[PDB]
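Trainee: Just passing along the structure, written as structure tokens.
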Amino acid sequence: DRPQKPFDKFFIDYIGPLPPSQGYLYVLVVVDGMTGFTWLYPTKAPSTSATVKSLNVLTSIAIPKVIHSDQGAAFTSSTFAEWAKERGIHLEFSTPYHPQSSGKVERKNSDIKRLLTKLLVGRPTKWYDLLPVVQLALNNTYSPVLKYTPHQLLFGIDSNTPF
Amino acid sequence: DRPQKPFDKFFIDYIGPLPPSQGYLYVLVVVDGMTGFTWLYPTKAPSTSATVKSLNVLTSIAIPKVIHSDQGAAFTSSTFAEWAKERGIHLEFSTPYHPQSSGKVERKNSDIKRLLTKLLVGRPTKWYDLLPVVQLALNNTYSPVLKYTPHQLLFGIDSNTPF
Amino acid sequence: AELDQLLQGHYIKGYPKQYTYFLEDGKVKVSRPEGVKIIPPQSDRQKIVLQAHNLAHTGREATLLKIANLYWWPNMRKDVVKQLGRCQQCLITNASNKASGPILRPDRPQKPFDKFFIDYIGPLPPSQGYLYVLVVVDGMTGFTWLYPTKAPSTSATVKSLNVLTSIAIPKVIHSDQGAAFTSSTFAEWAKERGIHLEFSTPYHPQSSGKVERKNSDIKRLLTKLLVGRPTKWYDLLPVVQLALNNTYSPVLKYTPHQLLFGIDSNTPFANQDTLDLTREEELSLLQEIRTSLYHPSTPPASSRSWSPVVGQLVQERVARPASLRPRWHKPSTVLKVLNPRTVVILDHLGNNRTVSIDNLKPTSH
Amino acid sequence: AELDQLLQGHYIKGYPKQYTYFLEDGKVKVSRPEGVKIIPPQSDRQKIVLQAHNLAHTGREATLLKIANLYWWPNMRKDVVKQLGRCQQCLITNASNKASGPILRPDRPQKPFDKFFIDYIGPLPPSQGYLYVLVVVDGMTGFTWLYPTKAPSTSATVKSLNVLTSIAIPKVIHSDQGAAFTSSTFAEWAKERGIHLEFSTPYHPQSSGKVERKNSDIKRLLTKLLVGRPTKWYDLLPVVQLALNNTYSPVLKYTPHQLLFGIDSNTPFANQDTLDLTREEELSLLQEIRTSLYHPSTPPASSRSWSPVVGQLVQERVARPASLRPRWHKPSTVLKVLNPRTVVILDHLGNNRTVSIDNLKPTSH
DNA sequence: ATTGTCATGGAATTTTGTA
DNA sequence: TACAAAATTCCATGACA
DNA sequence: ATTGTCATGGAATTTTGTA
DNA sequence: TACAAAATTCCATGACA
Ligand SMILES: [Mg+2]
Ligand SMILES: [Mg+2]
Ligand SMILES: [Mg+2]
Ligand SMILES: [Mg+2]
Ligand SMILES: [N+]
Ligand SMILES: [N+]
Ligand SMILES: [Zn+2]
Ligand SMILES: [Zn+2]
């Protein structure tokens, strides 16, 4: 029954390793399954601890009912598992090598990789400072389905930085 | 016409030199002509400057219309004279060697000398600390004329230290 | 157990009929105007209320709005209020939302020298090596003596007061509980002389209002006399003392000097109204002037004040509370109500403290 | 000259007949109910009033009671009040006896991200090397982000805000005039982004009430969570942030989180009322909830308030007044009245200052 | 065991000088 | 037995801690 | 040029369950 | 068509600077 809502499901994945920017190498990527809203956190490794430090920041603003990811070692560890049980998050794994996430999220996760590469060339090492700009761009991009931007679906208003 | 009032006339004189108590030697003696009230200030010399420092303390609580004294060098100086003109006090001198002051003040000025000697023997050097005790005694002593004490005539109430 | 009865349609005091109560997911539920809510077993309710309250240590309504998201049961706030009253942290950290009763306006002392009020002002900018001022005010008259000191110490106080009480000895000296007056050296100095020492309730300078109010005037006068100039206050004290003592109180229509002596000294603009009265006539005009002086009454109570009751739980305010630490002491009982504004408590723990209600809050719940 | 006429029995506007005016000691005198008083020549009166006022820098009545001891003349207080208005010292030192008008209650921002309020709390006891907290509150929603810093600096603010505005960019950020926000580095950071900077009138934290009010809650919550324990606040910030954002305002019947997102996250006691509405239905229930929220109105004016008028003389309060120095700046003119509580003055001297009336007093006389 | 105080200057009220 | 203006009183406001 | 805010808990008011 | 008690709302009070 229940129609899809924000905070229902956060899809997380790692992008990296990238050329070192401010001594960081990876980007944890969180996308909200219903809105397409996207948070990006720069980490030093694709490790449980990096994931937890990053997710601690996000989850102090909103906690998802479900985190979905691939069977990356960082997400399947029992530290990460005990972390999510503490916050009453259910963990959901896509089967190995058959990584499914909803249609909208795939298209988003695609935009990101490209959006990154397009500006992670020319300036391959200054990408840390650009994360805020990248994130806004993503979150204020029209979905051809809905023609609401993730920002609009999340906050229910227009944004002061349209694209 | 005008009946005699407090602050009408302060008679001042020096007692000393006494054995040194806390390195002081003299007592400036001020008696109010109408009430018989008595202030005692310990000084290091019978000098204009000692007199002025002492009288500065008294005159920050009440200023007499008239100070009367003998022709002691300290009172006849022009520093002391300019001091009193500043505060609008008139200076009045008794002729030399014929030192007149009212009957009541003579009797008071007598009590003091004796009162001093009676306790400035046995302990001839601890008299500085006793000045407060001496002063109270004087100021709460019945006048056989009036049978009001100087304290009563000054403040118009009974005192908490009767004698 | 007691929830069993309900789904079977039988009545329970508290649970209204007209709402249908049903089973889902092994939990008992109820359909309500608000929505569908879970009715927990009574043995779970304390824990639930605690979890809601603990998220941010919220008060009644804010705690209740959480719980009401998921649950319903009879008399929820009754249970909410029970936790709030047992939350040690909320009790010692929350502000009071109730004012003290109206201040008292203690009788003017009947005669000069009945009561002295005394306090130190300072530190002030160094002047001639001096930093503080001993301020002594006669309660009855307002007459004030000023002494400059190098420290607010017992020895300084004793030196200064031996000069003053060389003119008259007071029945009572009132001070705050500053180190200089609570020293046993000071007590002995006072007992030597038959002076009674009377201290204000701790951390409550309103109790020394006569002097504190006088400090204002001294400082204000020094300030004006020092505009433009370097702050050489030491030489001005005598001038200020004199000036203030011969200043009219607009409401009394008298100067302190006048109230003390019943005639003016030889100062500028001296009043001459009694030039023809003998000292005696004058002195009984004075006895009449002193008894007839304006006395203020206590203000109306504010809409939401509290007064202390023997046996009531109250909390004393923490004096010098460290950063991020509770502003209140743990609860204590009122042992005696000295007047409606002063109280004795059995404190921490347990000594008698005499305490101002302004430094109290009643324990809520 | 003008006194000559009088003893000769002829009338002068001001000097009533029925009292006989006579000569004694070369001074002109008058018999009055009060007593016999000297009438000085008009050319002496300013000097006399000045001497009386100067003894202790007394106000109207207290100055008048001195003068009345010796003198009489027509309309004495008129002359008294003239000096008082020209006494530089009394003007810059005396307290005000008139309250500011009623506070304004500025409209709630229409939507989230319209206006951010920001402030630093601290210094706090060192935690993990951190001493301060950057507190950012969305005006509309009350939603608050917390960042721990080592100093209340521009660089810290910029670092923190680049993290925040990586989620949304505000139209306006409002701050006090603290060093960290008035730096030109901060201006450029803001201009880079199309953010408008809006500062409160100096030394007036009421103007930042949204955040200051939020600081209270943060500190109160930290306090409770730290009772018993050593003050390790650094780890608690996230917890506090979350806890506060999901706390109900009893008057709004909503949490900041709710007002920002229109649905609860996966937190304890999450509200489910909209489980059946589609996001869209939900999001327009939100647009309706946001526009209908309680808005307070301004209180009644107190009996004796003042409001600013263009051309009026006012005085700005001295911010950090040294010991024994005037609490007030010299007089300045109101140039513009922005609203009844904010004003522009031509100051010292002369630059435009935008200033809160709470930091003003009207110049008396 | 102890307790608010009172100068200030506009406004409100009452007194005054003249009728 | 009445008026306008001066004189006096009232009293909120803020500052001493 | 800009502007007070709002959690708290007794008391006051209004709603509710039952008649 | 009215009651007592529970639920809700009101709002002074104080604390953030
Ligand atoms: Mg991966
Ligand atoms: Mg001699
Ligand atoms: Mg003190
Ligand atoms: Mg600040
Ligand atoms: N009393
Ligand atoms: N506004
Ligand atoms: Zn609590
Ligand atoms: Zn002045």
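In the structure tokens, each chain is lettered A, B, ... as it comes, each chain's residues begin at 1, and ligands are numbered from 1 in order of appearance.
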Around ligand 1, at most 10 Å away and counting only C-alpha atoms (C1' of nucleotides) and all ligand atoms, which residues are there? Put them as a PDB file with N, CA and C atoms, in the first residue's frame, please.
Mentor:
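Generated file (out-v8.pdb):
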ATOM      1  N   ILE A  12      23.535   3.598  -1.003  1.00  0.00           N
ATOM      2  CA  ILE A  12      24.884   4.088  -0.816  1.00  0.00           C
ATOM      3  C   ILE A  12      25.850   3.295  -1.656  1.00  0.00           C
ATOM      4  N   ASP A  13      26.900   3.949  -2.121  1.00  0.00           N
ATOM      5  CA  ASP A  13      27.929   3.266  -2.875  1.00  0.00           C
ATOM      6  C   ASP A  13      29.176   4.098  -2.784  1.00  0.00           C
ATOM      7  N   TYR A  14      30.315   3.507  -3.140  1.00  0.00           N
ATOM      8  CA  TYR A  14      31.571   4.236  -3.195  1.00  0.00           C
ATOM      9  C   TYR A  14      32.003   4.523  -4.616  1.00  0.00           C
ATOM     10  N   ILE A  15      32.443   5.757  -4.846  1.00  0.00           N
ATOM     11  CA  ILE A  15      33.166   6.106  -6.062  1.00  0.00           C
ATOM     12  C   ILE A  15      34.630   6.306  -5.702  1.00  0.00           C
ATOM     13  N   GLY A  16      35.509   5.611  -6.423  1.00  0.00           N
ATOM     14  CA  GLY A  16      36.949   5.726  -6.208  1.00  0.00           C
ATOM     15  C   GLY A  16      37.762   4.468  -6.485  1.00  0.00           C
ATOM     16  N   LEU A  28      31.813   8.548  -0.780  1.00  0.00           N
ATOM     17  CA  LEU A  28      30.606   7.821  -0.420  1.00  0.00           C
ATOM     18  C   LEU A  28      29.445   8.592  -1.016  1.00  0.00           C
ATOM     19  N   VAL A  29      28.548   7.862  -1.666  1.00  0.00           N
ATOM     20  CA  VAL A  29      27.432   8.424  -2.403  1.00  0.00           C
ATOM     21  C   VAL A  29      26.132   7.924  -1.806  1.00  0.00           C
ATOM     22  N   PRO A  46      37.578   3.046   1.302  1.00  0.00           N
ATOM     23  CA  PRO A  46      36.238   2.448   1.245  1.00  0.00           C
ATOM     24  C   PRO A  46      36.044   1.458   2.388  1.00  0.00           C
ATOM     25  N   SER A  69      22.748  -1.401  -0.420  1.00  0.00           N
ATOM     26  CA  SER A  69      24.064  -1.302  -1.041  1.00  0.00           C
ATOM     27  C   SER A  69      24.411  -2.608  -1.692  1.00  0.00           C
ATOM     28  N   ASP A  70      25.566  -2.626  -2.369  1.00  0.00           N
ATOM     29  CA  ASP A  70      26.191  -3.857  -2.841  1.00  0.00           C
ATOM     30  C   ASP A  70      26.935  -4.554  -1.713  1.00  0.00           C
ATOM     31  N   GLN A  71      27.443  -5.741  -1.995  1.00  0.00           N
ATOM     32  CA  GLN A  71      28.099  -6.529  -0.974  1.00  0.00           C
ATOM     33  C   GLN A  71      29.573  -6.152  -0.786  1.00  0.00           C
ATOM     34  N   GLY A  72      29.858  -4.859  -0.925  1.00  0.00           N
ATOM     35  CA  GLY A  72      31.179  -4.323  -0.670  1.00  0.00           C
ATOM     36  C   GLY A  72      31.529  -4.689   0.750  1.00  0.00           C
ATOM     37  N   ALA A  73      32.807  -4.971   0.989  1.00  0.00           N
ATOM     38  CA  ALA A  73      33.262  -5.465   2.277  1.00  0.00           C
ATOM     39  C   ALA A  73      32.893  -4.506   3.394  1.00  0.00           C
ATOM     40  N   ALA A  74      32.876  -3.216   3.067  1.00  0.00           N
ATOM     41  CA  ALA A  74      32.600  -2.174   4.056  1.00  0.00           C
ATOM     42  C   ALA A  74      31.180  -2.247   4.579  1.00  0.00           C
ATOM     43  N   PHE A  75      30.251  -2.693   3.743  1.00  0.00           N
ATOM     44  CA  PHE A  75      28.845  -2.685   4.127  1.00  0.00           C
ATOM     45  C   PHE A  75      28.411  -4.001   4.748  1.00  0.00           C
ATOM     46  N   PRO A  99      23.798  -5.999  -9.283  1.00  0.00           N
ATOM     47  CA  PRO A  99      23.504  -4.913  -8.358  1.00  0.00           C
ATOM     48  C   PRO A  99      22.283  -4.115  -8.816  1.00  0.00           C
TER      49      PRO A  99
END
Trainee: Do you know which residues are within 9 Å of ligand 4 using only C-alpha atoms (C1' of nucleotides) and all ligand atoms? Can you write them as JSON, numbers by chain?
Mentor: {"D": [118, 119, 120, 121, 122, 152, 175, 176, 177, 178, 205, 208, 212], "H": [17]}
Trainee: Write a file of the just-selected residues containing N, CA, C and O atoms (P, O5', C5', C4', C3', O3' and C1' of nucleotides), as a PDB file, in the first residue's frame.
Mentor:
ATOM      1  N   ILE D 118      22.690  32.907  12.469  1.00  0.00           N
ATOM      2  CA  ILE D 118      23.903  32.223  12.895  1.00  0.00           C
ATOM      3  C   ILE D 118      24.698  32.929  13.981  1.00  0.00           C
ATOM      4  O   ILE D 118      24.802  34.149  14.007  1.00  0.00           O
ATOM      5  N   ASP D 119      25.292  32.138  14.861  1.00  0.00           N
ATOM      6  CA  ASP D 119      25.985  32.650  16.023  1.00  0.00           C
ATOM      7  C   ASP D 119      26.966  31.593  16.507  1.00  0.00           C
ATOM      8  O   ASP D 119      26.833  30.398  16.167  1.00  0.00           O
ATOM      9  N   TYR D 120      27.954  32.034  17.284  1.00  0.00           N
ATOM     10  CA  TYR D 120      28.832  31.134  17.955  1.00  0.00           C
ATOM     11  C   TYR D 120      28.442  31.137  19.405  1.00  0.00           C
ATOM     12  O   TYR D 120      28.165  32.196  19.971  1.00  0.00           O
ATOM     13  N   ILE D 121      28.396  29.935  19.983  1.00  0.00           N
ATOM     14  CA  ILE D 121      28.412  29.683  21.417  1.00  0.00           C
ATOM     15  C   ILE D 121      29.863  29.420  21.807  1.00  0.00           C
ATOM     16  O   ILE D 121      30.616  28.807  21.035  1.00  0.00           O
ATOM     17  N   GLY D 122      30.253  29.877  23.000  1.00  0.00           N
ATOM     18  CA  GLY D 122      31.536  29.515  23.609  1.00  0.00           C
ATOM     19  C   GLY D 122      32.292  30.725  24.103  1.00  0.00           C
ATOM     20  O   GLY D 122      31.817  31.833  23.959  1.00  0.00           O
ATOM     21  N   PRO D 152      36.088  31.245  17.001  1.00  0.00           N
ATOM     22  CA  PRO D 152      34.911  31.790  16.313  1.00  0.00           C
ATOM     23  C   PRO D 152      35.347  32.637  15.134  1.00  0.00           C
ATOM     24  O   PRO D 152      35.117  33.847  15.134  1.00  0.00           O
ATOM     25  N   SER D 175      23.446  37.671  11.095  1.00  0.00           N
ATOM     26  CA  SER D 175      24.314  37.458  12.204  1.00  0.00           C
ATOM     27  C   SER D 175      24.413  38.737  13.009  1.00  0.00           C
ATOM     28  O   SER D 175      23.935  39.774  12.573  1.00  0.00           O
ATOM     29  N   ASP D 176      25.017  38.650  14.197  1.00  0.00           N
ATOM     30  CA  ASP D 176      25.447  39.833  14.961  1.00  0.00           C
ATOM     31  C   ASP D 176      26.692  40.380  14.295  1.00  0.00           C
ATOM     32  O   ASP D 176      27.175  39.799  13.323  1.00  0.00           O
ATOM     33  N   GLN D 177      27.233  41.469  14.825  1.00  0.00           N
ATOM     34  CA  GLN D 177      28.400  42.062  14.215  1.00  0.00           C
ATOM     35  C   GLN D 177      29.717  41.536  14.746  1.00  0.00           C
ATOM     36  O   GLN D 177      30.699  42.253  14.731  1.00  0.00           O
ATOM     37  N   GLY D 178      29.744  40.276  15.172  1.00  0.00           N
ATOM     38  CA  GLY D 178      30.977  39.615  15.586  1.00  0.00           C
ATOM     39  C   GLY D 178      32.032  39.547  14.490  1.00  0.00           C
ATOM     40  O   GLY D 178      31.712  39.451  13.300  1.00  0.00           O
ATOM     41  N   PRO D 205      21.560  41.474  21.148  1.00  0.00           N
ATOM     42  CA  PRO D 205      21.340  40.105  20.709  1.00  0.00           C
ATOM     43  C   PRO D 205      19.858  39.695  20.554  1.00  0.00           C
ATOM     44  O   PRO D 205      19.580  38.670  19.913  1.00  0.00           O
ATOM     45  N   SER D 208      18.983  38.774  17.169  1.00  0.00           N
ATOM     46  CA  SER D 208      19.330  37.395  16.754  1.00  0.00           C
ATOM     47  C   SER D 208      18.635  36.343  17.600  1.00  0.00           C
ATOM     48  O   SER D 208      19.096  35.198  17.694  1.00  0.00           O
ATOM     49  N   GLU D 212      19.748  32.885  19.448  1.00  0.00           N
ATOM     50  CA  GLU D 212      20.197  33.007  20.811  1.00  0.00           C
ATOM     51  C   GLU D 212      19.293  32.096  21.600  1.00  0.00           C
ATOM     52  O   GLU D 212      19.762  31.294  22.448  1.00  0.00           O
TER      53      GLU D 212
ATOM     54  P    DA H  17      24.947  32.094  25.682  1.00  0.00           P
ATOM     55  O5'  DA H  17      25.073  33.493  26.453  1.00  0.00           O
ATOM     56  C5'  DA H  17      25.864  34.534  25.874  1.00  0.00           C
ATOM     57  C4'  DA H  17      25.048  35.244  24.814  1.00  0.00           C
ATOM     58  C3'  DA H  17      25.603  36.545  24.253  1.00  0.00           C
ATOM     59  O3'  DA H  17      26.559  36.408  23.148  1.00  0.00           O
ATOM     60  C1'  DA H  17      23.210  36.507  24.554  1.00  0.00           C
TER      61       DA H  17
END
Trainee: Residues within 7 Å of ligand 8, counting only C-alpha atoms (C1' of nucleotides) and all ligand atoms: report them as a list in words.
Mentor: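 With only C-alpha atoms (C1' of nucleotides) and all ligand atoms and a cut-off of 7 Å, ligand 8 is contacted by residues 53, 54, 57, 58, 84, 87, 88, 89 and 90 of chain D.
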Trainee: Considering only C-alpha atoms (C1' of nucleotides), return as a list in words whatever protein or nucleic-acid residues lie within 9 Å of range 9-18 of chain G, sequence-local ones (same chain, fewer than 2 positions apart) excluded.
Mentor: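 Result of the neighbour search: residues 16, 17, 59, 60, 97, 304, 364 and 365 of chain C; 6, 7, 8, 9 and 10 of chain H.
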Trainee: Would you output that residue set with N, CA and C atoms (P, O5', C5', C4', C3', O3' and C1' of nucleotides), as a PDB file, in the first residue's frame?
Mentor:
ATOM      1  N   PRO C  16     -12.760   4.147  27.233  1.00  0.00           N
ATOM      2  CA  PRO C  16     -14.116   4.435  26.782  1.00  0.00           C
ATOM      3  C   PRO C  16     -14.599   3.392  25.797  1.00  0.00           C
ATOM      4  N   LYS C  17     -15.893   3.091  25.844  1.00  0.00           N
ATOM      5  CA  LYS C  17     -16.559   2.302  24.806  1.00  0.00           C
ATOM      6  C   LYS C  17     -16.816   3.269  23.635  1.00  0.00           C
ATOM      7  N   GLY C  59       9.632  18.667  28.383  1.00  0.00           N
ATOM      8  CA  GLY C  59       8.569  18.784  29.385  1.00  0.00           C
ATOM      9  C   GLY C  59       7.281  18.055  29.011  1.00  0.00           C
ATOM     10  N   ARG C  60       6.183  18.432  29.657  1.00  0.00           N
ATOM     11  CA  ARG C  60       4.907  17.733  29.525  1.00  0.00           C
ATOM     12  C   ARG C  60       4.439  17.602  28.086  1.00  0.00           C
ATOM     13  N   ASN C  97       9.430  28.699  36.225  1.00  0.00           N
ATOM     14  CA  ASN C  97       8.545  29.647  35.561  1.00  0.00           C
ATOM     15  C   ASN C  97       7.601  30.312  36.538  1.00  0.00           C
ATOM     16  N   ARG C 304       1.794  35.315  38.841  1.00  0.00           N
ATOM     17  CA  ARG C 304       2.225  33.937  39.001  1.00  0.00           C
ATOM     18  C   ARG C 304       3.375  33.762  39.976  1.00  0.00           C
ATOM     19  N   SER C 364       9.118  21.401  40.718  1.00  0.00           N
ATOM     20  CA  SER C 364       7.862  21.145  39.975  1.00  0.00           C
ATOM     21  C   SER C 364       7.481  19.669  39.963  1.00  0.00           C
ATOM     22  N   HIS C 365       6.181  19.366  39.940  1.00  0.00           N
ATOM     23  CA  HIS C 365       5.654  17.982  39.959  1.00  0.00           C
ATOM     24  C   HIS C 365       5.821  17.193  41.292  1.00  0.00           C
TER      25      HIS C 365
ATOM     26  P    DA H   6      -9.486  12.919  35.475  1.00  0.00           P
ATOM     27  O5'  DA H   6      -9.083  12.644  33.937  1.00  0.00           O
ATOM     28  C5'  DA H   6     -10.001  12.014  33.011  1.00  0.00           C
ATOM     29  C4'  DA H   6      -9.808  12.611  31.624  1.00  0.00           C
ATOM     30  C3'  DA H   6      -8.361  12.887  31.253  1.00  0.00           C
ATOM     31  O3'  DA H   6      -8.205  12.457  29.912  1.00  0.00           O
ATOM     32  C1'  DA H   6      -9.609  14.929  31.107  1.00  0.00           C
ATOM     33  P    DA H   7      -6.796  12.376  29.161  1.00  0.00           P
ATOM     34  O5'  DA H   7      -7.103  13.304  27.902  1.00  0.00           O
ATOM     35  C5'  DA H   7      -8.250  14.084  27.809  1.00  0.00           C
ATOM     36  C4'  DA H   7      -8.104  15.139  26.727  1.00  0.00           C
ATOM     37  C3'  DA H   7      -6.715  15.445  26.162  1.00  0.00           C
ATOM     38  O3'  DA H   7      -6.844  15.729  24.757  1.00  0.00           O
ATOM     39  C1'  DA H   7      -7.543  17.342  27.345  1.00  0.00           C
ATOM     40  P    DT H   8      -5.656  16.336  23.864  1.00  0.00           P
ATOM     41  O5'  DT H   8      -5.888  17.907  24.021  1.00  0.00           O
ATOM     42  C5'  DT H   8      -6.919  18.572  23.339  1.00  0.00           C
ATOM     43  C4'  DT H   8      -6.830  20.020  23.746  1.00  0.00           C
ATOM     44  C3'  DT H   8      -5.606  20.704  23.188  1.00  0.00           C
ATOM     45  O3'  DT H   8      -6.169  21.561  22.232  1.00  0.00           O
ATOM     46  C1'  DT H   8      -6.024  21.353  25.478  1.00  0.00           C
ATOM     47  P    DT H   9      -5.253  22.581  21.419  1.00  0.00           P
ATOM     48  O5'  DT H   9      -5.187  23.819  22.418  1.00  0.00           O
ATOM     49  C5'  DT H   9      -6.400  24.567  22.610  1.00  0.00           C
ATOM     50  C4'  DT H   9      -6.170  25.730  23.553  1.00  0.00           C
ATOM     51  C3'  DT H   9      -5.030  26.650  23.136  1.00  0.00           C
ATOM     52  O3'  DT H   9      -5.622  27.916  23.179  1.00  0.00           O
ATOM     53  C1'  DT H   9      -4.754  26.032  25.412  1.00  0.00           C
ATOM     54  P    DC H  10      -4.905  29.282  22.779  1.00  0.00           P
ATOM     55  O5'  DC H  10      -4.460  29.772  24.239  1.00  0.00           O
ATOM     56  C5'  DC H  10      -5.487  29.781  25.234  1.00  0.00           C
ATOM     57  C4'  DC H  10      -5.068  30.588  26.437  1.00  0.00           C
ATOM     58  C3'  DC H  10      -4.130  31.755  26.174  1.00  0.00           C
ATOM     59  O3'  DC H  10      -4.543  32.716  27.095  1.00  0.00           O
ATOM     60  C1'  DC H  10      -3.048  30.172  27.604  1.00  0.00           C
TER      61       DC H  10
END
Trainee: Residues within 8 Å of ligand 6 (only C-alpha atoms (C1' of nucleotides) and all ligand atoms), as a short mmCIF file (atom, residue, chain, number, x, y, z; two decimals) with N, CA, C and O atoms (P, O5', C5', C4', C3', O3' and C1' of nucleotides), in the first residue's frame?
Mentor:
data_model
loop_
_atom_site.label_atom_id
_atom_site.label_comp_id
_atom_site.auth_asym_id
_atom_site.auth_seq_id
_atom_site.Cartn_x
_atom_site.Cartn_y
_atom_site.Cartn_z
N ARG D 105 7.72 41.97 16.32
CA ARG D 105 7.75 40.54 16.20
C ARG D 105 7.80 40.23 14.73
O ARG D 105 6.79 39.89 14.14
N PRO D 106 9.00 40.33 14.13
CA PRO D 106 9.21 40.26 12.68
C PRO D 106 8.60 38.99 12.14
O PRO D 106 8.67 37.94 12.81
N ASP D 107 8.03 39.09 10.94
CA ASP D 107 7.36 37.95 10.32
C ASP D 107 8.26 36.76 10.21
O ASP D 107 9.42 36.91 9.87
N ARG D 108 7.71 35.59 10.49
CA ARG D 108 8.40 34.34 10.19
C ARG D 108 8.75 34.32 8.71
O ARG D 108 7.92 34.69 7.87
P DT G 3 18.10 44.43 13.54
"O5'" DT G 3 16.96 44.96 14.51
"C5'" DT G 3 15.93 45.75 14.02
"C4'" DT G 3 14.61 45.49 14.71
"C3'" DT G 3 14.46 44.31 15.65
"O3'" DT G 3 13.31 44.49 16.48
"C1'" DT G 3 13.21 43.94 13.69
#
Trainee: Identify every residue of chain G that has at least one atom within 6 Å of any atom of chain D, counting only C-alpha atoms (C1' of nucleotides), and report the result as a PyMOL selection string.
Mentor: chain G and resi 1+3-5
